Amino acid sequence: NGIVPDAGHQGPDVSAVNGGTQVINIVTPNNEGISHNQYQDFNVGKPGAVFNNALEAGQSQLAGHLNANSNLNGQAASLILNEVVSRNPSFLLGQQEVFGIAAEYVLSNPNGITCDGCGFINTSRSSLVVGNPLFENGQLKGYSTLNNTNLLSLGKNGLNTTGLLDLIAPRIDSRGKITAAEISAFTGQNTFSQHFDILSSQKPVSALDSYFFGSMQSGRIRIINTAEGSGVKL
């Protein structure tokens, strides 16, 4: 029970198959294609987790055979946005798979996110955001790390994906191998568009220092730090 959905309209259906792998029947996407899922707790263990973004039955890598997700009503998500709405931080200790149609993935948790041996399957882009999504008039407008000093931590067992990776947080502390098609890390207290264009920045009350130990196995790495003064240590 690492993943606990919110009790309201944006809480997805969450269950487990034998062996403990979590299966999330994501909520119906809006007209922009965004499935906005809210959680009281979001954690993934070694058994992993599967997001059902399928319009037809078939074979998932981590959870066996699954039906189509009835919640989709015939249109798959373009973006699976997972938002933790409580004060609980997230720990990602295994693989997350999008079953069915490949999608963009976001986990937002302003309380902190820790990856250690996590990874992403069948995602075009995966973004970890220690911050909150911003909505206006029911549409996703972007994200915010303003007034937040919490950490995106990546542990010794690293993070792997064949897709694009975004790491968005007030500060990042990475100690393992990050493997991705491209890595984009954006640190500081910022607001962002839906596509992680930086729209504004503010100077933190005290330093927000980020640390990258370990390695990065990617053909394209970008690190953008807006906290004037604060550093990027390697």
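The first residue of the shown sequence is 1; numbering continues from there.
Averaged over Cα atoms, the B-factor as recorded in the entry is higher for 130-138 than for the other of 117-125 and 130-138. Relative to one another, 31-39 and 195-203 have unequal mean CA B-factors, and 195-203 is the one with the higher figure. Remark: of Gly94, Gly100, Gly158, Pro110, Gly158 shows the highest value [criterion: C-alpha B-factor in the PDB entry]. Annotation for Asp173: C-alpha temperature factor in the middle third relative to the rest of the modelled chain, per the entry. In the deposited entry, the Cα temperature factor of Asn25 sits in the bottom third of values across the chain's modelled residues. The deposited CA B-factor of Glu56 belongs to the highest third of values across its chain. Remark: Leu165 belongs to the lowest third of its chain, ranked by C-alpha B-factor as recorded.
Ranked by C-alpha B-factor against the other modelled residues of its chain, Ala181 falls in the middle third.
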